[PDB]
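Every residue, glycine as well, gets a Cβ built from its backbone with ideal geometry; the counts of neighbours run over all protein chains shown. Bear in mind these aren't lab numbers, they're just calculated from the coordinates by the rules spelled out.
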Amino acid sequence: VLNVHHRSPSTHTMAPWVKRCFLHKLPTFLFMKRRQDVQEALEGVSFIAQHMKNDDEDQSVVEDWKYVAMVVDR
Amino acid sequence: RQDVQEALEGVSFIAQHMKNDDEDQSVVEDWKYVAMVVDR
Amino acid sequence: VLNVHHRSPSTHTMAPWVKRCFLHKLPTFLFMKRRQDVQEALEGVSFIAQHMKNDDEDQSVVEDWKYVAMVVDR
Amino acid sequence: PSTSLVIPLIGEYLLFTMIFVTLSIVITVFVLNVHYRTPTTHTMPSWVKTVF
Amino acid sequence: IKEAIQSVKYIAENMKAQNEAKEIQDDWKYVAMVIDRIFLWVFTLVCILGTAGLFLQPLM
Ligand SMILES: CCCCCCCCC
């Protein structure tokens, strides 16, 4: 249960059965309940927004792995 | 114009947030140096 | 060798003798080889970029301390 | 006893397990050195891109 | 005026370089995970073979 705490999206990928089992059934079963210079600037700001959105997605998946390890621990 | 106004407020909020973050980092480095002095 | 790994730029100053000894000669000797609303927005973006530049410089210096620790260890 | 005629199976098993657990720690220090490694200190080779 | 736009360009280049360095560090972590798995399988087979051939089998 310590190994499933440190899984990241850059190494592993969450299977759909461990998606649907360790997040919905057992937490409700174990009482958890959860002009030219201006053009490059828009491209840079769009790249910054894409990078922050990807970072938030990876952080959400690693928090999901932490909660799965917590459920198996309980 | 109403869409333009909130972006400047966002940039000013980011600047104030990073300034408060730098002040907190300076204070925690001060605590680390106090620990170093007491240890020596 | 564990004290010299955790030396930060804010609390220590890297002397020139460890510069000339443990960074150049020994990594070759040991086969290491390495408008008042508008104007403040521009000033804020300039401050953010200059602070990221300072952060990059301090990160380079702390990685240099880590490399000195690695050379002493080998 | 200290009879050097034959060795017990349990003492042989203890020596066997000690040899392989010592080889396990000399492997785990190598994998800890491989893990904590950055591009600002090491260059990654070409044959490790295909094999490992 | 242009200095702010060049600063945004600098921020974008800094974030791209930090992303690429994190990619290299993830590769260094993954090769260690591979070495870890291959020695797990090797020592599991050696441990089962040793406890079979040296502990139960003559002693029966
Ligand atoms: C133009 C605003 C850019 C803000 C960058 C903040 C980066 C936080 C990691």
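Take the conditions (1) farther than 30 Å from D:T17 by Cβ; (2) more than 16 Å from the ligand (Cβ to nearest atom); (3) among the β-branched types (V, I, T); E:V8 misses just one of them, which is (2).
Among residues of the stretch D:1-23 that are over 14 Å from E:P58 (Cα atoms), those with a beta-carbon under 7 Å from a residue that is of a type in the set (F, W, Y) at least six positions away or on a different chain give the pairs D:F20/E:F43.
If I ask for residues that are away from chain E (no Cβ under 14 Å) and more than 30 Å from B:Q5 (Cβ to Cβ), which ones from the stretch C:28-57 would you list?
C:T28, C:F29, C:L30, C:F31, C:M32, C:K33, C:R34, listed by residue number.
Hey, can you tell me all the residues within the stretch B:6-40 that are among the polar types (S, T, N, Q) and within 16 Å of the ligand (Cβ to nearest atom)? Result: B:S12, B:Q16, B:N20, B:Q25.
Does the stretch D:23-43 contain any residue that is more than 30 Å from C:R34 (Cβ to Cβ) and facing chain E (nearest Cβ under 10 Å)? Yes: the stretch D:23-43 contains one or more residues that are more than 30 Å from C:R34 (Cβ to Cβ) and facing chain E (nearest Cβ under 10 Å).
Picking from residues in the stretch E:39-60 that are hydrophobic (A, V, I, L, M, F, W, C) and at the interface with another protein chain (Cβ under 9 Å from one of its Cβ atoms), the one that is farthest from D:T28 (Cα to Cα) is E:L59.
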